[PDB]
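Have a look at the structure below, then the notes.
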Amino acid sequence: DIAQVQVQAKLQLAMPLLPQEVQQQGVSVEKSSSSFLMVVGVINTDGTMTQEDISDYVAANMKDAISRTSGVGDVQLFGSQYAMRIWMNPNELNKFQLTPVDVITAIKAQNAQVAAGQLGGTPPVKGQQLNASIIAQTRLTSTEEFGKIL
Amino acid sequence: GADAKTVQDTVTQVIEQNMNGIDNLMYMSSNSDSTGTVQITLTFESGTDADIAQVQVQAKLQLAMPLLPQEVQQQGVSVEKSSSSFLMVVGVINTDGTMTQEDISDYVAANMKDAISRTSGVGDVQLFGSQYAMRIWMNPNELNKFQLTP
Amino acid sequence: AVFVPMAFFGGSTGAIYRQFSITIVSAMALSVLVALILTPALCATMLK
Amino acid sequence: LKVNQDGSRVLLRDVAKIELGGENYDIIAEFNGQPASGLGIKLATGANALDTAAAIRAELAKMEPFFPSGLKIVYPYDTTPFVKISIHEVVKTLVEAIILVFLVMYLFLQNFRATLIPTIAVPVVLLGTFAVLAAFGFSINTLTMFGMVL
Amino acid sequence: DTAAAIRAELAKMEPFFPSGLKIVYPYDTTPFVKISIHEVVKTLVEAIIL
Amino acid sequence: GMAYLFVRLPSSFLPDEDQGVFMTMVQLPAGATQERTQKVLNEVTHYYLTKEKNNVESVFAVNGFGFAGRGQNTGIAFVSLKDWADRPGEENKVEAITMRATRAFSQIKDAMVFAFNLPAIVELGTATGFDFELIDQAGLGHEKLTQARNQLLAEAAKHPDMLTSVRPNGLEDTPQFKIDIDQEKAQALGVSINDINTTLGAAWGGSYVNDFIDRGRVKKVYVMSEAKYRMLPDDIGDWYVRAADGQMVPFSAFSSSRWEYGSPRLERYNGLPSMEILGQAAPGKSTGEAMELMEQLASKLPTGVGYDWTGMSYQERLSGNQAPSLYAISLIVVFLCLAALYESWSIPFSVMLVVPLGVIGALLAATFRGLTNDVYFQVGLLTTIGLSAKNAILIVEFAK
Amino acid sequence: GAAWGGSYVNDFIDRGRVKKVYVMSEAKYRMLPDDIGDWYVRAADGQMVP
Ligand SMILES: N=C(N)NCCC[C@H](NC(=O)[C@@H](N)Cc1ccccc1)C(=O)Nc1ccc2ccccc2c1
Ligand SMILES: N=C(N)NCCC[C@H](NC(=O)[C@@H](N)Cc1ccccc1)C(=O)Nc1ccc2ccccc2c1
């Protein structure tokens with residue numbers, strides 16, 4: 001218990017001296033025991049799906065609940081959780097004169113949630129009748145909406 | 001400034017996937033308000049050490065801290081020991097040299113509040129007002145006059 | 001045989017049915033120590 | 001902020017009001033219809049309830065002398081005197097149960113020295129119980145004082 | 001006891017599965033514990049009867 | 001008569017005491033303001049001051065903070081009653097004070113204010129009362145979880161039934177002002193999307209800019225706007241963002257104003273969204289029956305909707321499950337210890353039926369008055385088994 | 001970096017939960033060493049450069 005605390009309270013001192021790519025990625029200080037015990041396979045028989053549809057449902061329903069339950073050390077997902085995957089064609093960038101930098105900027109602008117204030121603010125005028133929260137930009141949902149990014 | 005939906009997936013959900021691999025734990029709950037204030041509650045087993053339980057919860061949130069907005073980072077994230085109920089409530093009023101309900105709340109949070117939370121193992125202090133701050137009220141008509149923005 | 005076995009608490013009523021036994025169980029065994037020692041002593045020393 | 005064509009200076013005061021006010025106007029408390037702030041201290045999930053409330057006054061006592069004109073402390077919502085009444089009413093019950101045991105031991109045994117062995121029997125057993133609670137971890141609670149009565 | 005609570009959380013997940021989704025169990029240490037208790041307590045009763 | 005006076009005798013956990021200090025929370029309807037709820041907190045302060053001078057010493061109101069959570073709808077007033085000596089009768093004690101606060105205010109007025117004694121207890125342990133919660137275990141959203149929650153609350157009070165009192169925790173549901181910023185209209189005139197997001201963000205909601213120093217200490221610096229320029233939906237066009245070609249552009253150009261329906265509090269239990277239900281048992285039923293007759297209503301709802309009992313309650317209760325097992329080993333150890341100093345198969349049975357001799361008297365005093373089977377009574381039983389064992393062992397020891 | 005190896009851009013929401021968003025390239029344009037010249041980075045003077 002105490003051995004895990006001191007190791008992750010020292011790594012954290014040297015966290016700022018790492019690349020910004022590694023910071024947003026998953027750093028983890030867990031308790032290890034080189035050996036599995038309960039391996040729970042997940043297959044399909046009737047309504048057939050791929051080895052990708054299954055790994056998403058395992059990591060979006062039962063994986064978050066398993067690692068939390070009865071003191072599990074660390075869980076290893078056998079596949080990958082779903083993610084809005086984009087495959088940049090290099091020939092179709094040169095056609096319209098563009099780079100991967102312009103694609104990344106388009107997603108970090110349109111695909112984002114902004115913190116707008118609220119009508120009838122925290123310090124209001126005496127005698128205001130209503131008070132609601134403002135919504136502005138919303139994070140995208142499906143494959144169709146990601147295809148319509150200008 | 002963020003509304004209920006904004007804080008529900010930019011702060012709340014980020015921590016909840018990274019709230020795993022902890023010793024003990026029965027369940028987790030959460031409340032994401034429209035004012036812009038999330039609060040989680042990991043209730044552990046009876047007779048568990050509250051000292052070590054606080055360490056593991058704040059050494060896992062910290063892994064998912066970089067995946068949050070930069071507004072929330074500079075704001076006050078806090079992992080304290082909770083007990084839904086007050087005991088000593090110390091009111092602060094004025095009689096002679098009269099002041100407002102704003103001048104008083106500053107002096108409470110700039111003299112005696114920092115000393116109270118530190119003393120004899122206090123869980124968490126709730127200031128009844130707000131500490132002073134250089135407040136600026138941008139007039140929109142006087143920005144357009146000189147051609148400017150926030 | 002009724003205080004201490006009832007003091008095998010469970011859950012939020014941990015120190016509720018526990019403390020309302022063991023506290024008085026120490027009072028029972030110290031009254032047995034005060035009835036085997038000292039009460040015999042002062043009865044013989046001075047009574048009539 | 002800016003310097004318009006003709007050498008005129010635009011300042012932050014010219015475009016916006018500047019008042020030194022609160023950081024958060026979402027809450028403002030009163031005390032019998034009088035402008036006020038306060039300190040809502042909550043327990044630390046294992047703290048020493050009353051000893052923590054006694055050291056709330058300890059830190060507060062060194063703050064008192066350096067107060068502005070009119071600033072006075074008041075005490076609404078306080079659990080301190082309920083502890084002081086439960087000890088004053090159980091120890092009153094303790095002394096009442098000894099004095100009424102004396103009257104029953106005098107009616108049956110008219111000898112004054114006979115009504116004396118049981119009078120100096122139970123006081124010894126009550127003190128011994130305090131020694132066992134200190135050696136096991138228990139405290140002077142509402143339960144281990146009503147237990148002295150039973 | 002950790003492997004028993006792996007089924008506890010998994011049991012509440014079962015009812016809300018899509019069509020065809022079924023759970024299987026390869027590589028499991030659970031029944032080796034149940035055989036070591038069933039073979040030592042069998043040895044216990046055999047040593048008393050002899 | 002001993003079995004009849006035990007089952008009919010109801011079950012509490014711990015009596016709610018006079019603490020000399022209670023409170024009363026406020027809750028206003030959809031989209032109320034700070035000025036509206038302040039009128040309600042003033043009327044509450046009058047009842048305790050002018051209409052209750054003898055019982056109350058001081059009130060400590062707090063506008064915009066209930067124990068539900070936060071917002072300018074809620075409120076709370078920490079009452080601090082006079083000492084016990086100046087409050088003599090039962091009328092001047094907490095129970096009677098908060099009784100003529102509820103059914104009085106409720107019915108009249110417009111908002112909802114209660115008043116209630118402080119549970120000595122903890123957050124849990126009301127007795128004859130549960131805490132349910134409904135989970136979204138599939139891919140349906142919050143809008144579809146609202147419909148399933150309304151169907152659980154409906155069918156519960158549709159057939160009572162040895163009743164079941166049930167209300168939601170606080171998902172009232174109020175409207176929100178959405179602003180759709182068209183991305184093609186913005187870039188055409190030449191405004192950056194970065195500039196537009198921190199115009200709306202650092203004006204209406206506020207923005208943490210930097211730190212400064214005031215009188216030795218170090219505090220914060222915020223930026224927003226004068227009150228009048230951010231109250232109504234028509235004041236959005238008053239802001240003008242600058243474009244790359246050195247000229248002003250109004251918000252109304254690229255924006256689109258339109259109302260919606262969201263929720264001001266999205267609860268989530270265990271990595272999944274949820275909706276808390278604070279229900280209760282009937283005057284007839286009690287806990288165990290109310291919970292199992294809420295589970296077959298929880299499984300009668302559409303797909304992708306399950307349940308999980310959230311969330312203070314419990315882990316094996318006290319009047320029930322626990323008590324049986326505790327008294328069971330109390331008989332097995334009493335029997336063995338009455339034999340270590342006796343040697344028979346008859347002497348110990350004499351002491352094993354003075355249990356009901358003294359117990360019938362304890363059940364008679366509690367059921368006659370307004371008391372109930374709680375913690376203080378259940379330990380008063382085991383003490384009377386030790387006092388009935390004592391007297392009877394003297395009748396068995398000297399006689400043998 | 002954001003073509004051959006991949007790059008963590010932003011977060012989005014899929015069916016209630018919150019997942020990740022990645023950016024790379026179709027499989028065929030990053031298998032061989034001769035496919036490096038297929039990418040063209042833009043210069044300050046508005047024209048492509050291999
Ligand atoms: N289960 C309970 N209630 N207590 C376990 C205590 C463990 C051990 N003392 C013991 O192990 C003995 N109580 C056990 C025992 C010894 C001899 C005869 C019977 C039982 C002991 O360490 N006692 C205590 C007591 C209070 C403490 C308070 C704070 C910090 C440490 C403490 C340690
Ligand atoms: N978060 C909210 N709003 N309520 C939680 C309160 C818990 C519980 N009482 C109830 O749950 C009752 N509201 C149930 C009920 C009883 C009678 C008619 C309708 C509903 C309770 O413990 N105390 C009471 C007693 C009676 C009440 C009647 C109306 C409103 C609140 C009440 C609270």
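Following the order of the structure tokens, first chain is A, next is B, and so on, with residues numbered from 1 inside each chain and ligands from 1 in the order they appear.
Identified as lying at most 9 Å from ligand 1 when counting only C-alpha atoms and all ligand atoms are the residues residues 133, 134, 135, 136, 137 and 138 of chain D.
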Just to be explicit: take each residue in the selection above, keep N, CA, C and O atoms, and write the result as a JSON list (two decimals), in the first residue's frame.
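See part.json below for the written result:
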[["chain", "number", "residue", "atom", "x", "y", "z"],
["D", 133, "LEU", "N", -11.22, 0.64, 28.23],
["D", 133, "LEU", "CA", -11.64, 1.32, 27.01],
["D", 133, "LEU", "C", -10.48, 2.08, 26.37],
["D", 133, "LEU", "O", -10.41, 2.20, 25.15],
["D", 134, "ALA", "N", -9.57, 2.59, 27.21],
["D", 134, "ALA", "CA", -8.38, 3.30, 26.73],
["D", 134, "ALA", "C", -7.38, 2.32, 26.11],
["D", 134, "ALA", "O", -6.66, 2.68, 25.18],
["D", 135, "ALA", "N", -7.34, 1.10, 26.64],
["D", 135, "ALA", "CA", -6.41, 0.07, 26.17],
["D", 135, "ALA", "C", -6.93, -0.71, 24.95],
["D", 135, "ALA", "O", -6.17, -1.47, 24.35],
["D", 136, "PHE", "N", -8.20, -0.52, 24.60],
["D", 136, "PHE", "CA", -8.80, -1.20, 23.45],
["D", 136, "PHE", "C", -9.08, -0.27, 22.26],
["D", 136, "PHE", "O", -9.23, -0.74, 21.14],
["D", 137, "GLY", "N", -9.14, 1.04, 22.51],
["D", 137, "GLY", "CA", -9.37, 2.02, 21.46],
["D", 137, "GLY", "C", -10.67, 2.80, 21.55],
["D", 137, "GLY", "O", -10.83, 3.80, 20.85],
["D", 138, "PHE", "N", -11.59, 2.34, 22.40],
["D", 138, "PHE", "CA", -12.88, 3.02, 22.56],
["D", 138, "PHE", "C", -12.71, 4.33, 23.33],
["D", 138, "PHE", "O", -11.68, 4.55, 23.97]]
Which residues of chain B sit at most 7 Å from chain A, using only C-alpha atoms? Give each one's shortest atom pair and distance in Å (one decimal place), in chain and ascending residue order, as CSV.
residue,atom,partner,partner_atom,distance
B:1,CA,A:117,CA,4.1
B:2,CA,A:115,CA,4.0
B:3,CA,A:133,CA,5.6
B:6,CA,A:113,CA,6.3
B:17,CA,A:64,CA,6.3
B:20,CA,A:68,CA,4.5
B:21,CA,A:67,CA,5.2
B:22,CA,A:71,CA,5.8
B:23,CA,A:71,CA,4.7
B:24,CA,A:71,CA,5.9
B:34,CA,A:133,CA,6.5
B:63,CA,A:27,CA,6.2
B:66,CA,A:24,CA,5.5
B:67,CA,A:24,CA,5.7
task: Enumerate residues in contact with ligand 2: an atom-to-atom distance of at most 8 Å, counting only C-alpha atoms and all ligand atoms. Format the result as a PyMOL selection string.
output: chain F and resi 68+114+116+126+129+165-170+278-280
Using C-alpha atoms, can you export the residues from the last selection as a JSON list (two decimals), in the first residue's frame?
[["chain", "number", "residue", "atom", "x", "y", "z"],
["F", 68, "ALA", "CA", -29.09, 18.91, -2.40],
["F", 114, "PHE", "CA", -39.79, 21.83, 5.23],
["F", 116, "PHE", "CA", -36.56, 18.79, 10.20],
["F", 126, "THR", "CA", -34.04, 6.09, 8.97],
["F", 129, "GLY", "CA", -37.35, 3.64, 4.47],
["F", 165, "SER", "CA", -44.16, 6.74, -0.82],
["F", 166, "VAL", "CA", -41.79, 7.77, -3.64],
["F", 167, "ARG", "CA", -40.29, 10.95, -5.16],
["F", 168, "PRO", "CA", -37.16, 11.81, -7.21],
["F", 169, "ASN", "CA", -34.04, 13.34, -5.63],
["F", 170, "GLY", "CA", -33.80, 16.47, -7.77],
["F", 278, "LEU", "CA", -35.60, 8.65, -2.56],
["F", 279, "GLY", "CA", -38.52, 6.40, -1.62],
["F", 280, "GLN", "CA", -39.85, 4.92, 1.63]]
task: Rounded to one decimal place, report the CA of residue 381 in chain F-CA of residue 288 in chain F distance in Å.
output: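 Value for the CA of residue 381 in chain F-CA of residue 288 in chain F distance: 23.8 Å.
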- prompt: Hey, what does DSSP flag as strand (DSSP E) within chain B? Can you give it to me as JSON, numbers by chain?
  reply: {"B": [27, 28, 29, 30, 31, 32, 33, 38, 39, 40, 41, 42, 43, 86, 87, 88, 89, 91, 92, 93, 94, 124, 125, 126, 127, 132, 133, 134, 135, 136, 137, 138]}
Could you dump the residues just selected with N, CA and C atoms as a compact mmCIF listing (two decimals), in the first residue's frame?
# COMPACT_ATOMS: atom_id res chain seq x y z
N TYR B 27 -18.76 1.27 -4.01
CA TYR B 27 -19.39 1.96 -5.13
C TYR B 27 -18.86 3.38 -5.35
N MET B 28 -19.30 3.99 -6.44
CA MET B 28 -18.98 5.38 -6.76
C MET B 28 -20.24 6.11 -7.24
N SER B 29 -20.37 7.38 -6.85
CA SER B 29 -21.47 8.24 -7.30
C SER B 29 -20.94 9.61 -7.73
N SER B 30 -21.80 10.42 -8.35
CA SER B 30 -21.38 11.75 -8.82
C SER B 30 -22.54 12.72 -9.04
N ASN B 31 -22.22 14.01 -9.00
CA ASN B 31 -23.19 15.08 -9.24
C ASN B 31 -22.55 16.20 -10.05
N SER B 32 -23.02 16.40 -11.28
CA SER B 32 -22.48 17.43 -12.18
C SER B 32 -23.50 18.55 -12.38
N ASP B 33 -23.28 19.67 -11.69
CA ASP B 33 -24.24 20.78 -11.67
C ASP B 33 -24.11 21.70 -12.88
N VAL B 38 -18.40 19.66 -10.27
CA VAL B 38 -18.53 18.21 -10.14
C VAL B 38 -17.99 17.74 -8.79
N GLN B 39 -18.54 16.64 -8.27
CA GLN B 39 -18.09 16.07 -7.01
C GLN B 39 -18.37 14.56 -6.96
N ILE B 40 -17.31 13.76 -6.86
CA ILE B 40 -17.40 12.30 -6.83
C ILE B 40 -17.36 11.84 -5.37
N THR B 41 -17.78 10.60 -5.11
CA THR B 41 -17.75 10.03 -3.76
C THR B 41 -17.50 8.52 -3.78
N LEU B 42 -16.26 8.12 -3.49
CA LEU B 42 -15.88 6.71 -3.41
C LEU B 42 -16.02 6.19 -1.98
N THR B 43 -17.15 5.55 -1.69
CA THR B 43 -17.42 5.01 -0.35
C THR B 43 -16.79 3.63 -0.18
N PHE B 86 -22.24 19.52 9.36
CA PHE B 86 -21.37 20.48 10.04
C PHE B 86 -21.44 20.26 11.55
N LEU B 87 -20.54 20.91 12.28
CA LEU B 87 -20.54 20.87 13.75
C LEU B 87 -20.36 22.27 14.33
N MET B 88 -19.17 22.85 14.14
CA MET B 88 -18.89 24.21 14.59
C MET B 88 -19.07 25.19 13.44
N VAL B 89 -20.15 25.97 13.50
CA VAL B 89 -20.42 27.02 12.53
C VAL B 89 -20.18 28.36 13.22
N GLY B 91 -20.28 32.14 12.91
CA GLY B 91 -20.75 33.35 12.25
C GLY B 91 -19.84 34.53 12.51
N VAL B 92 -19.86 35.50 11.59
CA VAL B 92 -19.03 36.70 11.69
C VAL B 92 -19.84 37.91 11.22
N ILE B 93 -20.18 38.79 12.16
CA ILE B 93 -21.04 39.94 11.89
C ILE B 93 -20.33 41.26 12.21
N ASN B 94 -21.03 42.37 12.00
CA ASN B 94 -20.53 43.69 12.40
C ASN B 94 -21.61 44.53 13.08
N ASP B 124 -12.93 19.50 5.49
CA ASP B 124 -12.99 20.55 4.47
C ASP B 124 -13.83 21.74 4.92
N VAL B 125 -13.31 22.94 4.69
CA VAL B 125 -13.96 24.18 5.11
C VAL B 125 -14.78 24.76 3.95
N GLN B 126 -15.96 25.30 4.28
CA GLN B 126 -16.84 25.94 3.31
C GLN B 126 -17.05 27.40 3.69
N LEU B 127 -16.39 28.30 2.96
CA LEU B 127 -16.49 29.74 3.20
C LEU B 127 -17.87 30.24 2.80
N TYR B 132 -11.82 38.11 -1.52
CA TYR B 132 -11.72 39.24 -2.44
C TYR B 132 -10.90 38.90 -3.69
N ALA B 133 -11.11 39.68 -4.74
CA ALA B 133 -10.48 39.46 -6.03
C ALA B 133 -10.68 40.68 -6.93
N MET B 134 -9.64 41.05 -7.67
CA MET B 134 -9.70 42.20 -8.56
C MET B 134 -10.72 41.95 -9.67
N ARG B 135 -11.94 42.43 -9.44
CA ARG B 135 -13.07 42.14 -10.32
C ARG B 135 -13.21 43.22 -11.39
N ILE B 136 -13.34 42.77 -12.64
CA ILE B 136 -13.44 43.67 -13.79
C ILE B 136 -14.75 43.40 -14.53
N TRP B 137 -15.50 44.46 -14.81
CA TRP B 137 -16.80 44.37 -15.47
C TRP B 137 -16.72 45.03 -16.85
N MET B 138 -16.39 44.24 -17.86
CA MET B 138 -16.21 44.74 -19.23
C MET B 138 -17.50 45.26 -19.86
field: Shell around residue 51 in chain D at 12 Å using only C-alpha atoms, local window under 6 positions removed, as a list in words
entry: residues 87, 88, 119, 120, 121 and 122 of chain B; 43, 57, 58, 79, 80 and 83 of chain D
At a cut-off of 9 Å, can you tabulate as JSON lines every residue of chain G near chain A together with its closest atom pair and the distance in Å to one decimal, using only C-alpha atoms and ordering rows by chain then number?
{"residue": "G:2", "atom": "CA", "partner": "A:100", "partner_atom": "CA", "distance": 6.9}
{"residue": "G:3", "atom": "CA", "partner": "A:100", "partner_atom": "CA", "distance": 7.5}
{"residue": "G:7", "atom": "CA", "partner": "A:21", "partner_atom": "CA", "distance": 8.0}
{"residue": "G:8", "atom": "CA", "partner": "A:21", "partner_atom": "CA", "distance": 7.3}
{"residue": "G:9", "atom": "CA", "partner": "A:104", "partner_atom": "CA", "distance": 6.4}
{"residue": "G:10", "atom": "CA", "partner": "A:108", "partner_atom": "CA", "distance": 6.6}
{"residue": "G:11", "atom": "CA", "partner": "A:112", "partner_atom": "CA", "distance": 7.9}
{"residue": "G:12", "atom": "CA", "partner": "A:139", "partner_atom": "CA", "distance": 5.5}
{"residue": "G:13", "atom": "CA", "partner": "A:141", "partner_atom": "CA", "distance": 5.4}
{"residue": "G:14", "atom": "CA", "partner": "A:141", "partner_atom": "CA", "distance": 5.5}
{"residue": "G:15", "atom": "CA", "partner": "A:141", "partner_atom": "CA", "distance": 7.4}
{"residue": "G:17", "atom": "CA", "partner": "A:60", "partner_atom": "CA", "distance": 7.5}
{"residue": "G:19", "atom": "CA", "partner": "A:83", "partner_atom": "CA", "distance": 5.8}
{"residue": "G:20", "atom": "CA", "partner": "A:83", "partner_atom": "CA", "distance": 5.1}
{"residue": "G:21", "atom": "CA", "partner": "A:84", "partner_atom": "CA", "distance": 4.8}
{"residue": "G:22", "atom": "CA", "partner": "A:85", "partner_atom": "CA", "distance": 5.4}
{"residue": "G:23", "atom": "CA", "partner": "A:86", "partner_atom": "CA", "distance": 5.0}
{"residue": "G:24", "atom": "CA", "partner": "A:87", "partner_atom": "CA", "distance": 5.4}
{"residue": "G:25", "atom": "CA", "partner": "A:87", "partner_atom": "CA", "distance": 3.9}
{"residue": "G:26", "atom": "CA", "partner": "A:87", "partner_atom": "CA", "distance": 4.7}
{"residue": "G:27", "atom": "CA", "partner": "A:87", "partner_atom": "CA", "distance": 8.0}
{"residue": "G:29", "atom": "CA", "partner": "A:90", "partner_atom": "CA", "distance": 7.4}
{"residue": "G:38", "atom": "CA", "partner": "A:90", "partner_atom": "CA", "distance": 6.5}
{"residue": "G:39", "atom": "CA", "partner": "A:90", "partner_atom": "CA", "distance": 5.6}
{"residue": "G:40", "atom": "CA", "partner": "A:94", "partner_atom": "CA", "distance": 6.5}
{"residue": "G:41", "atom": "CA", "partner": "A:99", "partner_atom": "CA", "distance": 5.9}
{"residue": "G:42", "atom": "CA", "partner": "A:99", "partner_atom": "CA", "distance": 6.7}
{"residue": "G:46", "atom": "CA", "partner": "A:97", "partner_atom": "CA", "distance": 8.5}
{"residue": "G:47", "atom": "CA", "partner": "A:97", "partner_atom": "CA", "distance": 7.6}
{"residue": "G:48", "atom": "CA", "partner": "A:97", "partner_atom": "CA", "distance": 6.9}
Using only C-alpha atoms, find the residues of chain C whose closest atom to chain F is at most 12 Å away, then write them as a PDB file with C-alpha atoms, in the first residue's frame.
ATOM      1  CA  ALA C   1     -22.348 -15.690  27.030  1.00  0.00           C
ATOM      2  CA  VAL C   2     -24.960 -13.140  25.885  1.00  0.00           C
ATOM      3  CA  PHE C   3     -23.010  -9.844  25.838  1.00  0.00           C
ATOM      4  CA  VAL C   4     -19.821 -10.851  23.980  1.00  0.00           C
ATOM      5  CA  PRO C   5     -21.416 -13.091  21.280  1.00  0.00           C
ATOM      6  CA  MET C   6     -23.986 -10.343  20.599  1.00  0.00           C
ATOM      7  CA  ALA C   7     -20.894  -8.126  20.213  1.00  0.00           C
ATOM      8  CA  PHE C   8     -20.057  -9.733  16.850  1.00  0.00           C
ATOM      9  CA  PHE C   9     -21.292  -6.574  15.098  1.00  0.00           C
ATOM     10  CA  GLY C  10     -21.831  -6.058  11.364  1.00  0.00           C
ATOM     11  CA  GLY C  11     -21.791  -3.010   9.083  1.00  0.00           C
ATOM     12  CA  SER C  12     -22.803   0.524  10.102  1.00  0.00           C
ATOM     13  CA  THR C  13     -23.903  -0.898  13.463  1.00  0.00           C
ATOM     14  CA  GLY C  14     -20.283  -1.868  14.116  1.00  0.00           C
ATOM     15  CA  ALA C  15     -19.556   0.128  17.270  1.00  0.00           C
ATOM     16  CA  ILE C  16     -23.257   0.240  18.272  1.00  0.00           C
ATOM     17  CA  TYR C  17     -23.998  -3.344  19.375  1.00  0.00           C
ATOM     18  CA  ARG C  18     -20.248  -3.787  19.981  1.00  0.00           C
ATOM     19  CA  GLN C  19     -19.631  -0.922  22.425  1.00  0.00           C
ATOM     20  CA  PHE C  20     -22.900  -1.573  24.302  1.00  0.00           C
ATOM     21  CA  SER C  21     -21.470  -5.007  25.126  1.00  0.00           C
ATOM     22  CA  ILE C  22     -17.619  -5.011  25.553  1.00  0.00           C
ATOM     23  CA  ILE C  24     -20.131  -3.476  30.126  1.00  0.00           C
ATOM     24  CA  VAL C  25     -18.242  -6.790  29.680  1.00  0.00           C
ATOM     25  CA  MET C  28     -18.773  -7.461  34.458  1.00  0.00           C
TER      26      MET C  28
END
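Residues in contact with residue 124 in chain D at 12 Å, where only C-alpha atoms are counted and same-chain residues fewer than 6 positions away are skipped, are listed as residues 27, 30, 31, 32, 33, 34, 35, 37, 38 and 39 of chain C; 117, 118, 130 and 131 of chain D.
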Write out the residues from the selection above, keeping N, CA, C and O atoms, as a compact mmCIF listing (two decimals), in the first residue's frame.
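File produced: result09.txt:
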# COMPACT_ATOMS: atom_id res chain seq x y z
N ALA C 27 -16.90 -4.16 32.64
CA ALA C 27 -17.57 -3.86 33.91
C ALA C 27 -18.05 -5.13 34.63
O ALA C 27 -18.18 -5.12 35.85
N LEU C 30 -14.72 -6.97 35.94
CA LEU C 30 -14.10 -6.17 36.99
C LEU C 30 -14.97 -6.14 38.24
O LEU C 30 -14.49 -5.81 39.32
N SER C 31 -16.26 -6.45 38.08
CA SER C 31 -17.16 -6.64 39.22
C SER C 31 -17.02 -8.06 39.77
O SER C 31 -17.37 -8.32 40.93
N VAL C 32 -16.53 -8.97 38.94
CA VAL C 32 -16.21 -10.33 39.35
C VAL C 32 -14.84 -10.33 40.03
O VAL C 32 -14.59 -11.13 40.93
N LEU C 33 -13.97 -9.41 39.61
CA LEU C 33 -12.67 -9.21 40.25
C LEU C 33 -12.82 -8.44 41.56
O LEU C 33 -11.99 -8.57 42.46
N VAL C 34 -13.88 -7.64 41.66
CA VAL C 34 -14.17 -6.86 42.87
C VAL C 34 -15.06 -7.68 43.83
O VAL C 34 -15.20 -7.33 45.00
N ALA C 35 -15.63 -8.78 43.34
CA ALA C 35 -16.42 -9.69 44.17
C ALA C 35 -15.60 -10.89 44.66
O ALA C 35 -15.98 -11.55 45.63
N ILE C 37 -12.11 -10.37 44.95
CA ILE C 37 -11.10 -9.62 45.69
C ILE C 37 -11.74 -8.36 46.27
O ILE C 37 -12.60 -7.76 45.63
N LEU C 38 -11.31 -7.96 47.47
CA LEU C 38 -11.73 -6.71 48.12
C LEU C 38 -13.09 -6.78 48.84
O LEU C 38 -13.19 -6.34 49.98
N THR C 39 -14.13 -7.30 48.20
CA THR C 39 -15.42 -7.47 48.87
C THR C 39 -15.37 -8.56 49.95
O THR C 39 -15.92 -8.36 51.03
N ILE D 117 -19.91 -1.33 52.09
CA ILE D 117 -19.16 -2.24 51.21
C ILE D 117 -19.63 -2.13 49.76
O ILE D 117 -18.80 -2.03 48.86
N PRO D 118 -20.95 -2.16 49.51
CA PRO D 118 -21.46 -1.97 48.14
C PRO D 118 -21.34 -0.53 47.65
O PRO D 118 -21.29 -0.30 46.44
N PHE D 130 -12.99 2.47 32.53
CA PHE D 130 -12.32 3.53 31.77
C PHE D 130 -10.92 3.11 31.32
O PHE D 130 -10.46 3.50 30.25
N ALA D 131 -10.24 2.31 32.15
CA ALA D 131 -8.89 1.83 31.84
C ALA D 131 -8.88 0.80 30.71
O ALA D 131 -7.92 0.73 29.94
query: Which residue gives the smallest distance to chain D among F:176, F:195, F:222, F:54, with only C-alpha atoms counted?
result: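 Checking each candidate against chain D, we get F:222 as the closest.
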Chain D contacts on chain F, only C-alpha atoms, 8 Å, as a compact mmCIF listing (two decimals) with C-alpha atoms, in the first residue's frame:
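Written output follows (selection20.txt):
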# COMPACT_ATOMS: atom_id res chain seq x y z
CA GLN F 19 -30.26 18.54 19.96
CA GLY F 20 -31.04 22.23 20.57
CA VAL F 21 -30.13 22.88 16.92
CA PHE F 22 -32.02 22.09 13.69
CA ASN F 42 -37.05 36.23 4.62
CA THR F 45 -36.72 34.02 9.17
CA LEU F 49 -38.03 35.34 15.08
CA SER F 58 -30.60 33.09 16.49
CA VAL F 59 -31.03 32.23 12.78
CA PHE F 60 -28.25 31.92 10.17
CA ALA F 61 -29.71 32.06 6.65
CA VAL F 62 -27.70 31.26 3.50
CA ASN F 63 -29.06 32.25 0.08
CA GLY F 64 -28.28 29.82 -2.75
CA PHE F 65 -26.94 26.70 -1.03
CA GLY F 71 -27.50 26.97 -7.36
CA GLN F 72 -29.53 30.16 -6.87
CA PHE F 78 -29.20 26.99 10.42
CA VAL F 79 -31.47 27.42 13.46
CA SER F 80 -29.87 27.75 16.91
CA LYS F 220 -7.33 35.98 -7.96
CA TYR F 222 -11.50 37.66 -12.84
CA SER F 225 -19.07 42.18 -17.69
CA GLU F 226 -21.43 44.68 -16.04
CA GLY F 380 -31.87 -3.51 27.63
CA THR F 383 -29.08 -6.92 30.32
